[PDB]
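Working notes, structure below.
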Amino acid sequence: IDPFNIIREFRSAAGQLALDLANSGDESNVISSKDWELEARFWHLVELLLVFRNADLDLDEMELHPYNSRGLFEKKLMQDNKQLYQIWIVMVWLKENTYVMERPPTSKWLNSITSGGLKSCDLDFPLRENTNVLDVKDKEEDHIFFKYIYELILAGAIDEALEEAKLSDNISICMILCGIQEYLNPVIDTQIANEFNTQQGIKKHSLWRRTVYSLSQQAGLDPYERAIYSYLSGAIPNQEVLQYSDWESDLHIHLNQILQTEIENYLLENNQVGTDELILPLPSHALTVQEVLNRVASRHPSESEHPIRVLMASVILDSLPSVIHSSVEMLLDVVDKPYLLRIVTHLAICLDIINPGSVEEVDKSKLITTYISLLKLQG
Amino acid sequence: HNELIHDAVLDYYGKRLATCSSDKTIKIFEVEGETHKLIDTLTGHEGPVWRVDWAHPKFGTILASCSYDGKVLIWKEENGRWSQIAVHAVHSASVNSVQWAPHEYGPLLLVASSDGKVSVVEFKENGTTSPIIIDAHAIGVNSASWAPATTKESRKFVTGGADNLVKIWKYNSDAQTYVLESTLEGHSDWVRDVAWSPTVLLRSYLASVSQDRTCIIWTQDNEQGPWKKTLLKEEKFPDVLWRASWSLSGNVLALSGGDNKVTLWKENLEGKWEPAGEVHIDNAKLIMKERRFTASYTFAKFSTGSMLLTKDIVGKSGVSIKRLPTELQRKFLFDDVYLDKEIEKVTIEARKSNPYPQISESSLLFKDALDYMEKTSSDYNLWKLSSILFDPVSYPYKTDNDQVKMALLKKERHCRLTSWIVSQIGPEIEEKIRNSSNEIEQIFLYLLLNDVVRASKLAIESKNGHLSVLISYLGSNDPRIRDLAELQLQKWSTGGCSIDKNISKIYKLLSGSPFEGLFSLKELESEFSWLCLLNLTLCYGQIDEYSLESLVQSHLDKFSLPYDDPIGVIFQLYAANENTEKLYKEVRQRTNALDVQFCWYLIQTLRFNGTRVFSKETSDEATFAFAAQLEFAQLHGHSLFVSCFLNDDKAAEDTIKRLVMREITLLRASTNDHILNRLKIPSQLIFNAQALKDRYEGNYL
């Protein structure tokens with residue numbers, strides 16, 4: 001009996017209130033309505049993390065595939081560790097929330113070939129060996145480029161990303177971004193024959209990762225470009241590139257913790273990774289999510305204060321209940337108070353329709369009182 | 001001058017020699033090693049003694065000799081004492097050839113003369129005697145020989161005459177004599193000698209030596225078919241040839257020329273013969289002259305021991321008993337422990353047309369013959385490779401599907417091959433990495449070692465990063481990457497860009513096809529071994545799309561290969577699966593690069609593992625060769641074992657029987673718990689021979 005039938009209609013209006021800004025915003029209403037589109041994006045994270053409950057988990061267990069050494073256990077080691085997959089569910093939710101701009105650049109390195117003796121050099125890679133023989137205009141047309149790719153990779157539009165990094169004749173680049181999308185080899189693996197139909201992956205990605213990271217820390221090349229590489233490996237994007245942080249410092253610092261356990265996992269099984277394949281060192285960070293939302297809290301310009309962002313914080317930690325009980329304490333005191341902000345109490349009825357529905361894990365007193373006081377103080 | 005003779009003959013065991021020179025005398029010798037013991041001289045004759053020959057040692061110690069006095073004599077040894085026991089002189093001219101028919105025909109002798117007649121005389125002290133005679137030739141009969149036994153109807157013998165012809169006869173019941181069956185007009189002068197082939201294969205063989213210096217070999221499959229004529233070589237010999245003798249095993253043809261030298265000959269898959277191991281007064285004048293006989297009279301008849309006798313002066317009787325030139329050379333063969341543990345890998349069963357044992361089940365892999373060698377001798381390379389290509393890989397832990405057990409086997413064998421191309425190409429590339437002041441070229445080379453690891457690691461130390469990442473996209477045959485490579489390069493052309501030569505090549509290894517691309521790599525023929533070029537299309541080529549066999553082939557279609565390379569040829573087999581047998585004959589027809597022992601172990605291990613298609617006819621051919629090789633080397637044990645792998649039952653019997661009868665005291669308990677018994681050799685065969693030799697050593701001691 002999905003309770004979200006009412007919520008879905010809050011989330012619906014929340015989103016349609018995002019569209020009243022485009023027309024004639026430009027006053028306090030473009031700002032206050034940045035709160036509405038934040039609610040909606042919260043009702044979604046809520047709508048889909050709760051959904052996460054028992055669902056034919058038994059026959060899911062794939063057991064005729066282990067020992068495979070197929071190096072593609074993502075399908076399994078993201079199905080057995082329900083914790084990590086939960087992380088992921090958040091990421092995909094964050095990805096559908098990134099911005100995506102578009103700006104007017106083809107024929108790759110144009111003005112540098114025509115003029116520069118870079119003809120002997122010829123290729124990007126073979127260039128870093130010469131330091132400062134990148135000419136002007138080119139070094140900029142390439143810059144805007146990796147600003148469009150970093151922005152678009154963040155959003156997880158990988159597909160549409162390579163379709164553009166090709167249109168600029170920057171194919172050598174595009175190639176690299178194929179180790180990230182595939183990041184492992186699916187071939188004649190039984191349980192998966194219904195999807196791929198052909199061998200479409202790249203072995204030794206655990207080895208390739210430590211390569212692209214060696215690329216991100218060389219620093220000789222573009223700031224943004226240098227940044228997109230690190231993402232695909234780990235979360236140390238160049239600080240000169242960390243200016244922007246919607247909640248992307250979230251999306252990334254998490255990818256850190258995920259593609260790490262992922263690595264330390266296929267390592268634990270000795271199934272996909274050779275010992276001599278690890279060229280560059282990489283630490284196994286136990287970045288517990290509860291500690292990651294905290295180190296990210298110092299990069300929250302009061303972005304961890306907002307009503308809605310305190311809530312997305314608990315929804316992530318499953319400590320949503322203690323939040324509703326720590327809140328009632330205030331509504332009993334009446335002694336200022338965030339529950340006098342027009343937006344927070346519509347979310348107290350969130351905790352009113354879920355708790356009883358999902359587990360019935362919330363007191364009938366803590367509930368009952370905040371049903372009353374709400375329907376009481378309305379305008 | 002010095003001791004000069006005309007003919008000589010060893011017996012069934014080769015411990016008794018005989019010589020007959022123009023001194024009208026014979027000389028019987030007791031041969032024991034490199035020594036020659038004279039027993040007695042024979043004074044019987046009135047003219048130059050031409051030839052001699054022993055009769056089967058189941059009739060006693062007998063010797064026949066003919067001379068210019070047209071009188072054939074029969075000598076016998078009684079408790080040591082030599083004595084003329086009979087006489088046969090029914091010819092008006094001089095007698096020439098004397099040979100005892102196979103023992104199955106009883107004590108029977110053949111005799112040819114210059115009067116143009118041939119006679120067959122039956123000697124039995126108790127039994128009845130009935131002589132025969134035939135007008136064979138026009139100007140005379142120089143020689144005649146008995147055909148191998150097969151009902152007295154299948155008795156045939158070939159004759160040669162100074163009328164330039166080679167006639168064949170057959171014992172007819174009706175006529176009470178030998179009627180004419182075939183004439184063969186292939187010479188243009190005096191036929192000096194004709195010998196029938198003791199071989200047992202479906203085809204019969206005949207060798208006719210001429211005075212016009214030619215030599216024809218006649219073959220026949222069917223029993224009433226046409227005798228196919230075939231010159232030994234399209235050009236005529238130096239001098240005039242005299243003798244023509246076959247080896248009891250292997251179908252070898254020793255030939256005695258007028259250039260005082262003897263020249264051996266063997267056959268091929270073609271039928272055209274390639275040469276085997278080379279080795280080396282008063283009233284008497286007219287006699288020699290009416291015999292159109294020169295002063296250069298050499299001779300060479302094979303012995304029961306498949307050994308070759310030839311006149312020299314190195315010996316107390318100018319008769320060397322050299323051992324055949326065993327071209328085949330392998331160290332581990334001479335070992336008894338190899339034979340022993342090699343039999344066990346077999347399940348021996350007797351055939352359905354005779355008790356004679358023949359292999360039914362074989363688990364012989366190439367791996368086996370690797371422990372008995374060194375990891376250095378050139379062979380180990382030739383062998384271990386075959387052991388990785390054609391040897392049926394096995395996967396320890398079974399798996400859900402039969403396709404999965406396949407692709408895994410497809411893979412494990414793939415890695416063995418490439419991990420070997422490394423071991424060999426090793427020194428070639430390793431030394432080509434010293435000569436380099438181009439760190440990037442140091443990469444492309446390190447990639448020919450299938451070492452992406454130390455390759456990409458280097459790419460970074462090269463101060464350039466990107467390629468280091470693309471190097472890691474190597475082993476896997478991702479399609480979208482093979483696509484991009486070709487797209488990146490096509491956008492190099494239009495750009496008029498100048499990419500470092502060895503960096504665009506690394507890029508060409510991603511397009512899954514480097515030797516045919518836009519930026520092709522065929523150029524690399526110049527400095528890089530053909531093998532190494534192959535190693536590329538094997539590691540970075542389209543592993544998954546094609547079949548490991550097919551793929552290896554799609555590289556040959558790009559290059560010719562060392563026309564005379566053992567390892568190089570091996571691949572060419574692996575290459576064409578459906579026509580592997582068609583190409584094996586196509587190979588040996590052009591190059592003696594695969595060992596005689598190899599051709600067998602190769603076609604035999606492949607036929608007992610269900611790897612490829614093999615004609616019995618062919619299998620036998622290379623089994624004959626190898627069976628003889630060991631035999632010439634005197635290893636009758638291992639020789640016997642190989643003979644087992646014979647598919648023609650009528651052939652095996654003759655090969656096995658004869659090999660055992662002659663060499664029994666060497667095939668006894670003293671060697672590995674009765675080797676002959678562990679092979680399922682007929683009980684009656686042993687007993688027939690055991691007491692045969694005992695009959696001999698009695699008369700001798």
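FYI, nothing fancy with the structure tokens labels: chains A, B, ... in order, residues from 1 per chain, ligands from 1 as they appear.
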**Message:** Select, as a count of residues only, those residues of chain B with any atom no more than 7 Å from chain A (distances computed using only C-alpha atoms).
**Reply:** 22
Give me the residues within 12 Å of residue B:597 as a PDB file with C-alpha atoms, in the first residue's frame, counting only C-alpha atoms and dropping any in the same chain fewer than 4 places off.
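Result went into result.pdb, see below:
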```pdb
ATOM      1  CA  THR B 326      70.889 -44.522 -39.786  1.00  0.00           C
ATOM      2  CA  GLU B 327      70.036 -40.970 -40.759  1.00  0.00           C
ATOM      3  CA  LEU B 328      67.643 -40.859 -37.792  1.00  0.00           C
ATOM      4  CA  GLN B 329      69.356 -39.480 -34.692  1.00  0.00           C
ATOM      5  CA  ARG B 330      67.822 -39.411 -31.226  1.00  0.00           C
ATOM      6  CA  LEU B 333      65.867 -44.012 -28.258  1.00  0.00           C
ATOM      7  CA  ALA B 369      58.819 -37.397 -25.218  1.00  0.00           C
ATOM      8  CA  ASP B 379      64.417 -30.319 -30.686  1.00  0.00           C
ATOM      9  CA  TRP B 383      58.529 -30.673 -29.638  1.00  0.00           C
ATOM     10  CA  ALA B 593      62.410 -30.573 -42.305  1.00  0.00           C
ATOM     11  CA  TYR B 601      54.640 -39.532 -33.578  1.00  0.00           C
ATOM     12  CA  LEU B 602      52.934 -36.520 -35.151  1.00  0.00           C
ATOM     13  CA  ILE B 603      50.351 -38.301 -37.318  1.00  0.00           C
ATOM     14  CA  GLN B 604      49.888 -41.050 -34.738  1.00  0.00           C
ATOM     15  CA  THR B 605      49.348 -38.951 -31.608  1.00  0.00           C
ATOM     16  CA  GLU B 621      53.964 -44.896 -44.795  1.00  0.00           C
ATOM     17  CA  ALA B 622      55.700 -42.957 -42.002  1.00  0.00           C
ATOM     18  CA  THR B 623      55.328 -45.919 -39.673  1.00  0.00           C
ATOM     19  CA  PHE B 624      57.304 -48.059 -42.151  1.00  0.00           C
ATOM     20  CA  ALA B 625      60.122 -45.522 -42.257  1.00  0.00           C
ATOM     21  CA  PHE B 626      60.469 -45.177 -38.478  1.00  0.00           C
ATOM     22  CA  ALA B 627      60.208 -48.946 -37.955  1.00  0.00           C
ATOM     23  CA  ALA B 628      63.192 -49.504 -40.228  1.00  0.00           C
ATOM     24  CA  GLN B 629      65.317 -46.664 -38.856  1.00  0.00           C
ATOM     25  CA  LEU B 630      65.382 -48.134 -35.356  1.00  0.00           C
ATOM     26  CA  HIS B 638      61.555 -50.354 -30.197  1.00  0.00           C
ATOM     27  CA  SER B 639      61.516 -51.297 -33.898  1.00  0.00           C
ATOM     28  CA  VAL B 642      56.413 -49.172 -33.916  1.00  0.00           C
TER      29      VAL B 642
END
```
Would you return as a CSV table (one decimal) with C-alpha atoms, in the first residue's frame the members of stretch 181-245 of chain A that DSSP assigns to alpha helix (DSSP H) on this structure's backbone?
```csv
chain,number,residue,atom,x,y,z
A,181,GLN,CA,32.2,3.3,-18.6
A,182,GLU,CA,33.1,-0.4,-19.0
A,205,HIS,CA,40.9,-2.0,-15.1
A,206,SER,CA,42.1,-2.3,-11.6
A,207,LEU,CA,45.5,-1.8,-13.3
A,208,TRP,CA,44.2,0.9,-15.7
A,209,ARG,CA,42.7,2.9,-12.8
A,210,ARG,CA,46.1,3.4,-11.2
A,211,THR,CA,47.2,4.6,-14.6
A,212,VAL,CA,44.6,7.3,-15.2
A,213,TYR,CA,45.3,8.5,-11.7
A,214,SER,CA,49.0,8.9,-12.7
A,215,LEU,CA,47.5,11.2,-15.3
A,216,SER,CA,45.5,13.2,-12.9
A,223,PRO,CA,42.9,21.9,-14.8
A,224,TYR,CA,39.5,20.5,-15.7
A,225,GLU,CA,40.8,17.7,-17.9
A,226,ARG,CA,43.1,16.8,-15.1
A,227,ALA,CA,40.1,16.7,-12.8
A,228,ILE,CA,37.8,14.4,-14.8
A,229,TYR,CA,40.6,11.8,-14.8
A,230,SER,CA,40.8,11.7,-11.1
A,231,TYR,CA,37.1,11.2,-10.7
A,232,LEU,CA,37.2,8.0,-12.6
A,233,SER,CA,40.0,6.8,-10.3
```
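For the pair atom CA of residue B:552 and atom CA of residue B:538, the interatomic distance is 7.1 Å.
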Report as a PDB file with C-alpha atoms, in the first residue's frame all protein, DNA and RNA residues lying within 8 Å of stretch 560-572 of chain B, evaluated on only C-alpha atoms, omitting residues in the same chain fewer than 5 positions from it.
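Saved file around_27.pdb follows:
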```
ATOM      1  CA  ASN B 381      61.524 -26.297 -28.979  1.00  0.00           C
ATOM      2  CA  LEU B 382      60.122 -28.137 -31.993  1.00  0.00           C
ATOM      3  CA  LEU B 385      55.364 -26.447 -29.206  1.00  0.00           C
ATOM      4  CA  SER B 386      53.570 -29.406 -30.756  1.00  0.00           C
ATOM      5  CA  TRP B 530      58.500 -13.629 -38.883  1.00  0.00           C
ATOM      6  CA  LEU B 531      57.612 -15.377 -35.628  1.00  0.00           C
ATOM      7  CA  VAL B 552      46.968 -18.366 -36.707  1.00  0.00           C
ATOM      8  CA  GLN B 553      46.107 -19.101 -40.350  1.00  0.00           C
ATOM      9  CA  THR B 591      61.152 -30.172 -47.538  1.00  0.00           C
ATOM     10  CA  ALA B 593      62.410 -30.573 -42.305  1.00  0.00           C
ATOM     11  CA  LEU B 594      60.291 -32.909 -40.152  1.00  0.00           C
TER      12      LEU B 594
END
```
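The spacing separating atom CA of residue B:459 from atom CA of residue B:502 amounts to 12.6 Å.
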